Structure formats: C-alpha cells, structure tokens
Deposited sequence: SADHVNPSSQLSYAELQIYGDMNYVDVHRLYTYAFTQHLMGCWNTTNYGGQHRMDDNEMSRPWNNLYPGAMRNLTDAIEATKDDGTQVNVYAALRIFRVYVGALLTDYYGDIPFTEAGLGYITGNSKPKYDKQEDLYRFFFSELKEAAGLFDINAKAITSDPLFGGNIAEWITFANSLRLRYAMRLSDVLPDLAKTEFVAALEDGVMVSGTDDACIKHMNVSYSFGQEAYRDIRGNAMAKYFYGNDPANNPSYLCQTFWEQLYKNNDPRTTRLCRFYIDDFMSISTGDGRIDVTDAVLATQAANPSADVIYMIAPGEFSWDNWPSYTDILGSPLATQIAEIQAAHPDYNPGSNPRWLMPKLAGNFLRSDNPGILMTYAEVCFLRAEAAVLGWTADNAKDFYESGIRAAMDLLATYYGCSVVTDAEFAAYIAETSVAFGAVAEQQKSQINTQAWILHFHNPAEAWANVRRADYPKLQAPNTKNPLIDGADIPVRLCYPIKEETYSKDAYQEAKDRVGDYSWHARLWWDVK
C-alpha cells in the first residue's frame, strides 16, 4: 500500500470517521458545555453516564485505524532515503494522534501499538524530541508526499505544524512541569510556529450526501462531525446550543452570536436535503431586545434535555417575530408556533452542518492565545494584550475563511473588544481567564482541544449539571474517559498497573497534566 495513502487515511479519520466522532456529540461537547439538549448529548455527557462502548470509541477506532496505518507506513519507509518526506510526516501525525489518545485515557499503548501502557509523562517528553527529530528529516532531494489533505505535501507547513504542536504541548505541561514547559515553549518559538492563517492545520473534507446507512460508516471522505451535528433526524433532534456557550456569545454582544447560532423552525424541512428550514434568528433577537422583560429566547442548562425547559410562544403585537410567524402561517395554514416552541432555543448555524467543513487540528488563532498566556506567565517578552487581540481577530477570521460566515467587520471587532468582559484586564489571573475563555470559543470547532484546554486552564469555569435529571456516575464533570473494560481481560497486567498508578481510578481521576 502507498505510504501517502496511509497518511491520508489517518488524517481523514479524525473528523471523517462516524464511529469515532460520535464521542464528541455524546460526551466531549457536553463536558465543554458547547452543546446540550439533543438526547444523545444530554443522556450521556449531560447525565455523567458511563457507557463502555461509547467511552471506548477513540480507543476502538483510532488504534486499528489511524495508529495502525501510520505505524505500518512508518515501518515500510523507515530505511528508504527516497521516502524521508512521507516518513517524517507520518511520524509527526503519529505524535498528533498519540496526544489525542493520552488526553482521553492517560497512560496508553503507544511504543508497542501496532507490553505495558506508556506513562503520560514519558509520552509528552517523547512528543517534544520526536517532533524536533521528524521536522529535521524533510529533504527537497526526496520523493513528494503524493496524498495529503492537511498540507497537500507542503514540507514547510509540516515543519511549522510540528513546531506549533510543541507549543501546544508545552502550555499543556505549564502546571505539572513549569520549568520544562517554559524551555520547550521558548524552543518552539525559536524554531518557528504558525505566523498567520496561511499556516493553519485543517484537513480538507469532501462534499458527500448525508447518509447514515451501513456503507456511510465505511466512508471518511466527508466531515462526519458536521453530519452528526445535522443528525439522522434533523426535524426532532438538532444540535441545540448549551446555555453556557449561548450566554458567553449573547450576553457579551459577540458578533459571532449570529454566525455560530440561529433560530430555526424545522417543521417543513427536507430530511435528506436539509433545505426548507425557516430562519427566524433576526426577528427573535430583535423582538427579545425590544422587549427585554418578555420571555422570548429560551435556554438549555447543562444537564437538561430540550424538553426540560419547555418554552412558550407569546405573540407580541407589532414585533418583527409576530410579522414573520404571520408570514409562515400564511404559507402553512396549519402551522401552530406554540405546539412545539423549542424553535425559541438557539441551534447551531447551517454553516457548521456541511460535509465539506474542515477538520481543524491547530490554528494560528490558538498560537496567538498560547503566546498571550506564556507572556502572562512571564516566560517571554511577548506583549500579552497584542497576542490576545490578534487571537480574537484570527478566531473571527476563521469563521469566514473555512465556514463561509459573514466577515466580522473592523467596527464589529472594535465594539466587541470594548466590552467590559473582553477588554484585556490588568491582573494576570483575569487575563488567563480572558485568554482561555476566548480559546474555548475558538475550540468549539476542535472538541478534543476544547476539552483538553478547559481541563488544563480551568477557564472557563464550568459548573457541573444541577437539574432534576439524575447524574449516574458522579456529581463532577468527568476529567477523562475510562479504559475499555475488555482491556482487563486482554492486557490484565498493563490495565491493572495503569489504574494502580492513578490511585482511586475513575473518570473523576485527573490526568497527569491536569493539576488541581
């Protein structure tokens, strides 16, 4: 098999594999409190409900998929001087996937993957030296990378990516190994990290038809995360925003509010096409703003289903919403806006439901936020405020560049950074809060990083669900995924050792880099 094709498979799996990405709908996005209300999200992550099969999704898909493909291709190219470019890229991507896996599970098989679990500390130490080494192996006098949805075989961009991952991993270790973290951070900057959006690491995905048939599960060409956001039952189980994320945007007059979020009446949509959704966003926002003490917009708290805070439509005389609802009722005489008024709860915008949405691995926006925080920590002479503002500007540019959202204007941006909550503070602790809150908005698109970074930074400060719905496996938001149960009866010693190193093993037991 062509080594570049194995690289491509591994790349496309990250957002392309239905069997993998459902972990984000069920758990990750609940834990990060970006999404809530969809049965699948609330029932699992929203109720702190352990399910072996669901928690094992990364393990059971990334190992026999990406990790196996990369390790096989590495074995095939390791002694071939003509193939050093694909060799180097494969080694870098193996680190990327390895880091995902340890950030889910902690100690993991890695060295002997495709035999004890490697310690998370040893893995992170290895990532730095491995990324340095691999980046130095690229050579103009060797064969091209012939298949590569990440960088199209652009060697310079691969080097920049490896350097930038080191920057991420350094900030991850900022609490647990401060001295090493600083050293590695400074080294990464010296080698050269992403300097603009041109250097973004985003997987190109293909426009494919929505399908949830058995054959679709084998296909990784399209963005499966976006497909799951749309759902196999769009008209009754869409992606509702969690209150936490909605309020961060809306209460701060974030210009991204109407880019990321919409209000849709979905009764008349085509399930197969996604056409025919009625967008009432502008009328809903205008009506709430004109009538602040009226109950217009309804929200879904962490741990709630969409039907827990059952809304009520109360027609407001002369309002833009009354006018639009009247237009809908003219076109659909039997339509009753009060019958299923969950359309008054914000949903993910259509821009984020497209199969050709990118698979975001790492962005220049994030590099800005990393450099801002490192300045706040005293690690560098970088201007924290400058990098903070550059990060926000880049995060807003991202929505227009990759998702076809309306460009956030200079006027809109200036108004946003003048907001009291957003304007960079003078106290380092607030500054850290601001940087990581902005990162959390950015990382909506990149759920694994959203969860890793919120666990590390502890900003935003997320409150565990407090609702009438029972929490099944503990009160606090989980801080890891459990090992597959089958590892007990397959890697008895390795599995048992890993749990023993933790102490009181559960999904409430912090990972090594997650310091209380």
item	value
Deposited-sequence segments unaccounted for in the coordinates	1-4, 119-127
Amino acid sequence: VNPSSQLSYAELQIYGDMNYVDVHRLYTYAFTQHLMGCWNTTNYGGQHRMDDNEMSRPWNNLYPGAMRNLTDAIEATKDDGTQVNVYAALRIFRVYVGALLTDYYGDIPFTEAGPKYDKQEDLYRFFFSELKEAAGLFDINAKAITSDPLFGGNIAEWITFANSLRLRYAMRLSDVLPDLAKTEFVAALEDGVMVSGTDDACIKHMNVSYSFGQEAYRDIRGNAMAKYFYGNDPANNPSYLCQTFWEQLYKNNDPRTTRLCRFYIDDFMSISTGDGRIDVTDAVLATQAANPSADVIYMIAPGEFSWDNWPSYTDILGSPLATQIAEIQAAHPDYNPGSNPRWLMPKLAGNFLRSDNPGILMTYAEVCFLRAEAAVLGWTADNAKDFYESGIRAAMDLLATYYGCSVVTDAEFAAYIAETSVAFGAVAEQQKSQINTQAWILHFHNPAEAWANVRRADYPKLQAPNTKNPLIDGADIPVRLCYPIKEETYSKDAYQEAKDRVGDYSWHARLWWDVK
From here on, numbers count along this sequence of modelled residues.
item: Stretch exceeding the other in mean C-alpha B-factor - 234-242, 254-262; value: 234-242
item: Of 301-309 and 105-113, the one with larger mean CA B-factor; value: 105-113
item: Candidate residues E389, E247, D275, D397, the one whose C-alpha B factor the record puts highest; value: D275
item: Selection by C-alpha B-factor (highest) of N446, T437, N223, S293; value: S293
item: B-factor third for the C-alpha atom of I477 within its chain; value: middle
item: Assigned third (lowest, middle, highest) for the C-alpha B factor of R125; value: highest
item: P484, C-alpha B-factor rank within chain (lowest, middle or highest third); value: highest
item: Lowest, middle or highest third - CA B-factor, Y29; value: lowest
item: Chain third (lowest, middle, highest) by recorded CA B-factor, residue given as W379; value: middle
